[PDB]
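Colleague: coords.tsv is reproduced in full below (TSV, C-alpha atoms).
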chain	number	residue	atom	x	y	z
A	224	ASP	CA	0.00	0.00	0.00
A	225	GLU	CA	0.88	3.60	0.92
A	226	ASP	CA	-0.20	5.87	-1.97
A	227	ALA	CA	-0.65	6.01	-5.77
A	228	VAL	CA	-3.27	3.48	-6.86
A	229	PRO	CA	-5.62	5.27	-9.30
A	230	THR	CA	-8.17	3.64	-11.57
A	231	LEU	CA	-8.77	3.86	-15.33
A	232	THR	CA	-10.38	7.11	-16.32
A	233	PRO	CA	-12.08	6.32	-19.62
A	234	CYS	CA	-11.14	8.35	-22.68
A	235	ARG	CA	-10.50	7.91	-26.40
A	236	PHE	CA	-7.50	6.03	-27.70
A	237	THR	CA	-5.78	7.70	-30.64
A	238	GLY	CA	-8.43	7.07	-33.33
A	239	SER	CA	-6.16	7.72	-36.26
A	240	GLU	CA	-3.96	6.21	-38.84
A	241	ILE	CA	-0.40	6.85	-39.87
A	242	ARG	CA	1.73	5.28	-42.54
A	243	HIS	CA	5.27	4.98	-41.57
A	244	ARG	CA	5.58	6.09	-45.14
A	245	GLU	CA	7.80	3.57	-46.84
A	246	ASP	CA	8.65	3.05	-50.40
A	247	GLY	CA	10.98	0.71	-48.55
A	248	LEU	CA	8.15	-1.37	-47.20
A	249	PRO	CA	8.28	-3.99	-49.95
A	250	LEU	CA	4.77	-5.39	-49.53
A	251	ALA	CA	2.04	-4.38	-47.14
A	252	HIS	CA	2.01	-6.07	-43.85
A	253	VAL	CA	-1.45	-4.82	-43.37
A	254	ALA	CA	-3.91	-5.23	-40.58
A	255	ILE	CA	-7.00	-4.06	-38.77
A	256	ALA	CA	-8.79	-4.86	-35.55
A	257	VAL	CA	-12.10	-4.24	-33.82
A	258	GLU	CA	-12.70	-4.70	-30.21
A	259	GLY	CA	-10.36	-7.31	-28.71
A	260	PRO	CA	-10.82	-8.75	-25.31
A	261	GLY	CA	-9.14	-7.04	-22.41
A	262	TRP	CA	-10.12	-7.97	-18.89
A	263	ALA	CA	-13.62	-6.87	-18.22
A	264	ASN	CA	-16.79	-6.58	-20.26
A	265	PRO	CA	-19.49	-9.27	-20.24
A	266	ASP	CA	-20.13	-8.72	-23.94
A	267	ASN	CA	-16.89	-10.09	-25.33
A	268	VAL	CA	-18.29	-13.57	-24.78
A	269	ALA	CA	-20.29	-13.44	-27.94
A	270	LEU	CA	-17.78	-10.99	-29.33
A	271	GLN	CA	-15.41	-13.89	-28.92
A	272	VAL	CA	-17.91	-15.93	-30.89
A	273	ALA	CA	-18.29	-12.85	-33.05
A	274	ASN	CA	-14.57	-12.65	-33.62
A	275	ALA	CA	-15.01	-16.32	-34.39
A	276	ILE	CA	-17.42	-15.43	-37.14
A	277	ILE	CA	-14.66	-12.98	-37.92
A	278	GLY	CA	-11.83	-15.50	-38.06
A	279	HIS	CA	-8.23	-15.18	-39.23
A	280	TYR	CA	-7.40	-15.75	-42.89
A	281	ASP	CA	-3.98	-17.34	-42.95
A	282	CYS	CA	-1.62	-16.86	-45.84
A	283	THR	CA	-0.12	-20.25	-45.14
A	284	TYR	CA	-3.68	-21.51	-44.93
A	285	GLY	CA	-4.86	-23.32	-48.02
A	286	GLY	CA	-8.34	-24.22	-49.21
A	287	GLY	CA	-9.50	-20.74	-50.11
A	288	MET	CA	-11.82	-22.00	-52.83
A	289	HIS	CA	-13.66	-23.71	-49.99
A	290	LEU	CA	-12.74	-21.11	-47.38
A	291	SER	CA	-15.27	-20.46	-44.62
A	292	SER	CA	-14.91	-16.74	-44.07
A	293	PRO	CA	-16.68	-15.45	-47.16
A	294	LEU	CA	-14.13	-12.67	-47.01
A	295	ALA	CA	-11.46	-15.34	-47.12
A	296	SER	CA	-13.26	-16.91	-50.05
A	297	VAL	CA	-13.31	-13.92	-52.37
A	298	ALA	CA	-9.84	-13.12	-51.14
A	299	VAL	CA	-8.92	-16.42	-52.72
A	300	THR	CA	-11.05	-16.00	-55.83
A	301	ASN	CA	-10.02	-12.42	-56.25
A	302	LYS	CA	-6.58	-13.34	-55.01
A	303	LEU	CA	-7.57	-10.36	-53.01
A	304	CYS	CA	-4.90	-10.11	-50.32
A	305	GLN	CA	-1.82	-11.82	-48.96
A	306	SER	CA	-3.11	-12.19	-45.39
A	307	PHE	CA	-5.71	-11.26	-42.82
A	308	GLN	CA	-5.90	-12.51	-39.27
A	309	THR	CA	-8.52	-11.59	-36.69
A	310	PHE	CA	-6.39	-10.24	-33.85
A	311	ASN	CA	-7.94	-9.28	-30.50
A	312	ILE	CA	-6.35	-6.26	-28.82
A	313	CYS	CA	-7.06	-6.10	-25.16
A	314	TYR	CA	-8.04	-3.59	-22.52
A	315	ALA	CA	-10.45	-4.13	-19.69
A	316	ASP	CA	-13.85	-3.64	-21.40
A	317	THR	CA	-12.48	-2.59	-24.83
A	318	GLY	CA	-9.89	-3.14	-27.53
A	319	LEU	CA	-9.65	-4.21	-31.16
A	320	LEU	CA	-9.89	-7.77	-32.55
A	321	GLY	CA	-9.17	-8.02	-36.21
A	322	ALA	CA	-7.22	-9.02	-39.21
A	323	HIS	CA	-3.60	-8.68	-39.87
A	324	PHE	CA	-3.18	-8.50	-43.58
A	325	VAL	CA	-0.73	-8.45	-46.42
A	326	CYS	CA	-1.27	-6.98	-49.84
A	327	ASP	CA	0.18	-5.08	-52.76
A	328	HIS	CA	-0.80	-1.68	-54.11
A	329	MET	CA	-4.41	-2.86	-54.17
A	330	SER	CA	-6.39	-4.71	-51.62
A	331	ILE	CA	-7.17	-2.49	-48.71
A	332	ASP	CA	-10.18	-0.78	-50.20
A	333	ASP	CA	-12.25	-3.84	-50.95
A	334	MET	CA	-10.70	-5.30	-47.83
A	335	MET	CA	-12.76	-2.97	-45.71
B	1	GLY	CA	-3.96	7.66	-65.32
B	2	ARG	CA	-3.15	7.77	-61.63
B	3	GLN	CA	-5.65	6.07	-59.33
B	4	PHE	CA	-3.20	4.71	-56.73
B	5	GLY	CA	-0.62	2.07	-56.04
B	6	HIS	CA	1.44	2.80	-59.06
B	7	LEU	CA	1.29	6.35	-57.78
B	8	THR	CA	4.63	7.53	-56.44
B	9	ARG	CA	7.46	6.86	-54.00
B	10	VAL	CA	7.40	8.00	-50.38
B	11	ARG	CA	10.00	6.67	-47.95
B	12	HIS	CA	10.45	7.34	-44.23
B	13	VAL	CA	7.50	9.60	-43.44
B	14	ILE	CA	4.54	9.42	-41.07
B	15	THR	CA	1.03	10.71	-40.41
B	16	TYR	CA	-1.57	11.33	-37.73
B	17	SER	CA	-5.36	11.29	-38.04
B	18	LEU	CA	-8.47	12.11	-36.04
B	19	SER	CA	-12.13	11.21	-36.25
B	20	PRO	CA	-14.39	13.99	-37.48
B	21	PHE	CA	-16.86	14.18	-34.64
B	22	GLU	CA	-13.93	14.90	-32.34
B	23	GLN	CA	-13.19	18.51	-33.12
B	24	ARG	CA	-15.17	21.72	-32.83
B	25	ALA	CA	-16.34	23.32	-36.05
B	26	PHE	CA	-14.97	26.79	-35.30
B	27	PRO	CA	-12.09	26.98	-32.84
B	28	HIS	CA	-11.16	30.63	-32.40
B	29	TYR	CA	-13.54	31.23	-35.29
B	30	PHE	CA	-13.83	34.99	-35.03
B	31	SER	CA	-10.53	34.99	-33.15
B	32	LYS	CA	-8.52	33.03	-35.67
B	33	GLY	CA	-10.16	34.78	-38.61
B	34	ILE	CA	-8.15	37.69	-37.61
B	35	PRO	CA	-5.42	39.65	-39.23
B	36	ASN	CA	-4.97	36.12	-40.33
B	37	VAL	CA	-7.76	37.12	-42.67
B	38	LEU	CA	-6.06	40.45	-43.07
B	39	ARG	CA	-2.89	38.44	-43.42
B	40	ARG	CA	-3.97	37.00	-46.72
B	41	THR	CA	-5.97	40.02	-47.83
B	42	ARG	CA	-3.92	42.79	-46.34
B	43	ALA	CA	-0.89	40.86	-47.51
B	44	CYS	CA	-2.14	41.10	-51.06
B	45	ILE	CA	-3.62	44.59	-51.00
B	46	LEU	CA	-0.63	46.58	-52.21
B	47	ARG	CA	-0.09	44.12	-55.01
B	48	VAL	CA	-3.76	44.44	-55.84
B	49	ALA	CA	-4.83	48.01	-55.83
B	50	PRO	CA	-2.97	50.21	-58.28
B	51	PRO	CA	-4.84	49.21	-61.42
B	52	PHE	CA	-8.19	49.67	-59.76
B	53	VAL	CA	-6.91	53.03	-58.59
B	54	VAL	CA	-6.23	53.97	-62.19
B	55	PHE	CA	-9.73	52.78	-62.93
B	56	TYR	CA	-11.68	54.98	-60.56
B	57	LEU	CA	-9.29	57.67	-61.68
B	58	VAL	CA	-10.41	56.85	-65.18
B	59	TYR	CA	-14.16	56.33	-65.28
B	60	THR	CA	-14.23	59.27	-62.96
B	61	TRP	CA	-11.67	61.09	-65.07
B	62	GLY	CA	-12.83	60.61	-68.61
B	63	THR	CA	-16.33	60.69	-67.18
B	64	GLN	CA	-15.47	64.30	-66.55
B	65	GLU	CA	-13.60	64.55	-69.83
B	66	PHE	CA	-16.45	63.66	-72.16
B	67	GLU	CA	-19.09	64.81	-69.68
B	68	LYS	CA	-17.77	68.35	-69.75
B	69	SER	CA	-17.10	67.80	-73.42
B	70	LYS	CA	-20.88	67.69	-73.75
B	71	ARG	CA	-21.21	71.29	-72.55
B	72	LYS	CA	-21.95	74.13	-74.99
B	73	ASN	CA	-20.14	77.49	-75.01
B	74	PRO	CA	-20.72	81.01	-76.38
B	75	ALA	CA	-20.18	82.71	-79.73
Please re-express this file's structure in structure tokens.
Modeller:
Amino acid sequence: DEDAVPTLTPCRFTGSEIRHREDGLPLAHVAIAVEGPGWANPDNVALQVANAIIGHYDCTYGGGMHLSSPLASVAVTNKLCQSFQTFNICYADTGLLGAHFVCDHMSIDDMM
Amino acid sequence: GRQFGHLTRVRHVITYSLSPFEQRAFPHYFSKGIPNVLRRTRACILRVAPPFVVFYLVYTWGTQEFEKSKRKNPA
């Protein structure tokens, strides 16, 4: 004990985007996420399940023609990206769970 | 041609973004408008005016020239 044990005053995380702007980045290591678990909220249960419905589309994964995530499917058919992986970023009650990704000059648009 | 992705080469730079609903529509609105406003305008004024000066001088001037020229005299 003694002093200095404050709690979490809610606020907004950044809410932005930035490209480390690289011609030198040879191919996109792309990504995205939408709430990932953290400690707290009762919701994430189904959000877990929801993220399940989300799912992670593995580059090394094969079978895209038959892929389950419809996203994954077209991504195969369209050859529409080089990766996406649902990735759950954690803070008690909030976060981001969503795809990593890899792509050339193209995908991101249709990706979203 | 353009579109994107064949666009151009940018190495070693960075960005920052913010969601729209965040900000206020008019920070320092009147305040910032300012000799900021006069900074653009006032900045340009000298460059601007002289021709217009000549103008008023003119339509005024010749306005007198012909206008008087419409007056009739004796003999």
Colleague: Show me the residues close to (-6.0, -8.4, -36.4) - anything with an atom within 12 Å, counting all atoms listed in the file - and format the list as a PDB file with C-alpha atoms, in the coordinates of the input.
Modeller:
ATOM      1  CA  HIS A 252       2.010  -6.070 -43.850  1.00  0.00           C
ATOM      2  CA  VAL A 253      -1.450  -4.820 -43.370  1.00  0.00           C
ATOM      3  CA  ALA A 254      -3.910  -5.230 -40.580  1.00  0.00           C
ATOM      4  CA  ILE A 255      -7.000  -4.060 -38.770  1.00  0.00           C
ATOM      5  CA  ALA A 256      -8.790  -4.860 -35.550  1.00  0.00           C
ATOM      6  CA  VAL A 257     -12.100  -4.240 -33.820  1.00  0.00           C
ATOM      7  CA  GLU A 258     -12.700  -4.700 -30.210  1.00  0.00           C
ATOM      8  CA  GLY A 259     -10.360  -7.310 -28.710  1.00  0.00           C
ATOM      9  CA  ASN A 274     -14.570 -12.650 -33.620  1.00  0.00           C
ATOM     10  CA  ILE A 277     -14.660 -12.980 -37.920  1.00  0.00           C
ATOM     11  CA  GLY A 278     -11.830 -15.500 -38.060  1.00  0.00           C
ATOM     12  CA  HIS A 279      -8.230 -15.180 -39.230  1.00  0.00           C
ATOM     13  CA  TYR A 280      -7.400 -15.750 -42.890  1.00  0.00           C
ATOM     14  CA  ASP A 281      -3.980 -17.340 -42.950  1.00  0.00           C
ATOM     15  CA  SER A 306      -3.110 -12.190 -45.390  1.00  0.00           C
ATOM     16  CA  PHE A 307      -5.710 -11.260 -42.820  1.00  0.00           C
ATOM     17  CA  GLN A 308      -5.900 -12.510 -39.270  1.00  0.00           C
ATOM     18  CA  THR A 309      -8.520 -11.590 -36.690  1.00  0.00           C
ATOM     19  CA  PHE A 310      -6.390 -10.240 -33.850  1.00  0.00           C
ATOM     20  CA  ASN A 311      -7.940  -9.280 -30.500  1.00  0.00           C
ATOM     21  CA  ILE A 312      -6.350  -6.260 -28.820  1.00  0.00           C
ATOM     22  CA  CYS A 313      -7.060  -6.100 -25.160  1.00  0.00           C
ATOM     23  CA  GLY A 318      -9.890  -3.140 -27.530  1.00  0.00           C
ATOM     24  CA  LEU A 319      -9.650  -4.210 -31.160  1.00  0.00           C
ATOM     25  CA  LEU A 320      -9.890  -7.770 -32.550  1.00  0.00           C
ATOM     26  CA  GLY A 321      -9.170  -8.020 -36.210  1.00  0.00           C
ATOM     27  CA  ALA A 322      -7.220  -9.020 -39.210  1.00  0.00           C
ATOM     28  CA  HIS A 323      -3.600  -8.680 -39.870  1.00  0.00           C
ATOM     29  CA  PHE A 324      -3.180  -8.500 -43.580  1.00  0.00           C
ATOM     30  CA  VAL A 325      -0.730  -8.450 -46.420  1.00  0.00           C
TER      31      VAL A 325
END
Colleague: For atom CA of residue 241 of chain A and atom CA of residue 16 of chain B, determine how far apart the two atoms are, in Å to one decimal place.
Modeller: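 Atom-to-atom, atom CA of residue 241 of chain A and atom CA of residue 16 of chain B are spaced 5.1 Å apart.
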Colleague: Give as JSON, numbers by chain every residue of chain B that touches chain A within 9 Å, counting all atoms listed in the file.
Modeller: {"B": [4, 5, 6, 8, 9, 10, 11, 12, 13, 14, 15, 16, 17, 18, 19]}
Colleague: Any idea what the distance is between atom CA of residue 3 of chain B and atom CA of residue 299 of chain A?
Modeller: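 Pair atom CA of residue 3 of chain B / atom CA of residue 299 of chain A returns 23.7 Å.
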Colleague: One decimal, Å: what's the distance from atom CA of residue 272 of chain A over to atom CA of residue 331 of chain A, could you say?
Modeller: 24.8 Å
Colleague: When distances are computed from only C-alpha atoms, which of A:276, A:304, A:224, A:249 shows the smallest separation from residue 291 of chain A?
Modeller: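 Closest to residue 291 of chain A, using only C-alpha atoms: A:276.
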Colleague: Might you pull out every residue within 10 Å of residue 315 of chain A, with all atoms listed in the file counted and same-chain residues fewer than 6 positions away left off, and present them as a PDB file with C-alpha atoms, in the coordinates of the input?
Modeller:
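File produced: result_23.pdb:
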ATOM      1  CA  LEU A 231      -8.770   3.860 -15.330  1.00  0.00           C
ATOM      2  CA  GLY A 259     -10.360  -7.310 -28.710  1.00  0.00           C
ATOM      3  CA  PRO A 260     -10.820  -8.750 -25.310  1.00  0.00           C
ATOM      4  CA  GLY A 261      -9.140  -7.040 -22.410  1.00  0.00           C
ATOM      5  CA  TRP A 262     -10.120  -7.970 -18.890  1.00  0.00           C
ATOM      6  CA  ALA A 263     -13.620  -6.870 -18.220  1.00  0.00           C
ATOM      7  CA  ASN A 264     -16.790  -6.580 -20.260  1.00  0.00           C
TER       8      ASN A 264
END
Colleague: With N, CA and C atoms as the target, complete segment 38-72 of chain B and hand it back as a CSV table (one decimal), keeping the file's coordinate frame.
Modeller:
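Contents of the output file part-v9.csv:
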chain,number,residue,atom,x,y,z
B,38,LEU,N,-6.8,39.3,-42.5
B,38,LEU,CA,-6.1,40.4,-43.1
B,38,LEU,C,-4.6,40.0,-43.4
B,39,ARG,N,-4.2,38.8,-43.1
B,39,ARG,CA,-2.9,38.4,-43.4
B,39,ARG,C,-2.9,38.1,-44.9
B,40,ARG,N,-3.8,37.2,-45.3
B,40,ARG,CA,-4.0,37.0,-46.7
B,40,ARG,C,-4.3,38.3,-47.4
B,41,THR,N,-5.5,38.9,-47.1
B,41,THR,CA,-6.0,40.0,-47.8
B,41,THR,C,-5.0,41.2,-47.8
B,42,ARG,N,-4.8,41.7,-46.6
B,42,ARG,CA,-3.9,42.8,-46.3
B,42,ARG,C,-2.6,42.5,-47.0
B,43,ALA,N,-2.1,41.2,-46.8
B,43,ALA,CA,-0.9,40.9,-47.5
B,43,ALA,C,-1.0,41.2,-49.0
B,44,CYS,N,-2.1,40.9,-49.6
B,44,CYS,CA,-2.1,41.1,-51.1
B,44,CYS,C,-2.4,42.5,-51.5
B,45,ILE,N,-3.0,43.4,-50.6
B,45,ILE,CA,-3.6,44.6,-51.0
B,45,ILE,C,-2.7,45.4,-51.9
B,46,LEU,N,-1.5,45.7,-51.4
B,46,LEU,CA,-0.6,46.6,-52.2
B,46,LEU,C,-0.5,46.0,-53.6
B,47,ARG,N,-0.2,44.7,-53.7
B,47,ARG,CA,-0.1,44.1,-55.0
B,47,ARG,C,-1.4,44.4,-55.8
B,48,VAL,N,-2.5,44.4,-55.1
B,48,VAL,CA,-3.8,44.4,-55.8
B,48,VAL,C,-4.0,45.8,-56.4
B,49,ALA,N,-4.0,46.8,-55.6
B,49,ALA,CA,-4.8,48.0,-55.8
B,49,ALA,C,-4.6,48.8,-57.1
B,50,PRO,N,-3.3,49.1,-57.5
B,50,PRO,CA,-3.0,50.2,-58.3
B,50,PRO,C,-3.8,50.3,-59.5
B,51,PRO,N,-4.0,49.2,-60.2
B,51,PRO,CA,-4.8,49.2,-61.4
B,51,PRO,C,-6.2,49.7,-61.1
B,52,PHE,N,-6.9,49.2,-60.1
B,52,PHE,CA,-8.2,49.7,-59.8
B,52,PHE,C,-8.1,51.2,-59.5
B,53,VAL,N,-7.1,51.6,-58.8
B,53,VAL,CA,-6.9,53.0,-58.6
B,53,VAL,C,-7.0,53.8,-59.9
B,54,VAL,N,-6.2,53.4,-60.9
B,54,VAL,CA,-6.2,54.0,-62.2
B,54,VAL,C,-7.6,54.0,-62.7
B,55,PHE,N,-8.4,52.9,-62.4
B,55,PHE,CA,-9.7,52.8,-62.9
B,55,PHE,C,-10.6,53.9,-62.4
B,56,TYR,N,-10.8,53.9,-61.1
B,56,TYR,CA,-11.7,55.0,-60.6
B,56,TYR,C,-11.2,56.3,-61.1
B,57,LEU,N,-9.9,56.5,-61.1
B,57,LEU,CA,-9.3,57.7,-61.7
B,57,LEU,C,-9.8,57.8,-63.1
B,58,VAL,N,-10.1,56.8,-63.8
B,58,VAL,CA,-10.4,56.8,-65.2
B,58,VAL,C,-11.9,57.2,-65.3
B,59,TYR,N,-12.7,56.1,-65.1
B,59,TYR,CA,-14.2,56.3,-65.3
B,59,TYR,C,-14.6,57.6,-64.7
B,60,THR,N,-14.1,57.9,-63.5
B,60,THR,CA,-14.2,59.3,-63.0
B,60,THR,C,-13.7,60.3,-64.0
B,61,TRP,N,-12.4,60.1,-64.3
B,61,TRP,CA,-11.7,61.1,-65.1
B,61,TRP,C,-12.3,61.4,-66.4
B,62,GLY,N,-12.2,60.5,-67.3
B,62,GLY,CA,-12.8,60.6,-68.6
B,62,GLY,C,-14.3,60.9,-68.5
B,63,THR,N,-14.9,60.3,-67.4
B,63,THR,CA,-16.3,60.7,-67.2
B,63,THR,C,-16.5,62.2,-67.2
B,64,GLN,N,-15.5,62.8,-66.5
B,64,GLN,CA,-15.5,64.3,-66.6
B,64,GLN,C,-15.1,64.7,-68.0
B,65,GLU,N,-14.1,64.1,-68.6
B,65,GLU,CA,-13.6,64.6,-69.8
B,65,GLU,C,-14.7,64.7,-70.9
B,66,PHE,N,-15.4,63.6,-71.2
B,66,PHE,CA,-16.4,63.7,-72.2
B,66,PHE,C,-17.6,64.4,-71.6
B,67,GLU,N,-17.9,64.2,-70.3
B,67,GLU,CA,-19.1,64.8,-69.7
B,67,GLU,C,-19.1,66.3,-69.9
B,68,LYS,N,-18.0,67.0,-69.4
B,68,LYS,CA,-17.8,68.4,-69.8
B,68,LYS,C,-17.8,68.6,-71.2
B,69,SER,N,-17.2,67.6,-72.0
B,69,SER,CA,-17.1,67.8,-73.4
B,69,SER,C,-18.5,67.9,-74.0
B,70,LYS,N,-19.5,67.6,-73.3
B,70,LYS,CA,-20.9,67.7,-73.8
B,70,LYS,C,-21.5,69.1,-73.5
B,71,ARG,N,-20.7,70.0,-72.8
B,71,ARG,CA,-21.2,71.3,-72.6
B,71,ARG,C,-21.0,72.2,-73.8
B,72,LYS,N,-22.0,73.2,-73.9
B,72,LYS,CA,-22.0,74.1,-75.0
B,72,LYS,C,-21.5,75.5,-74.5
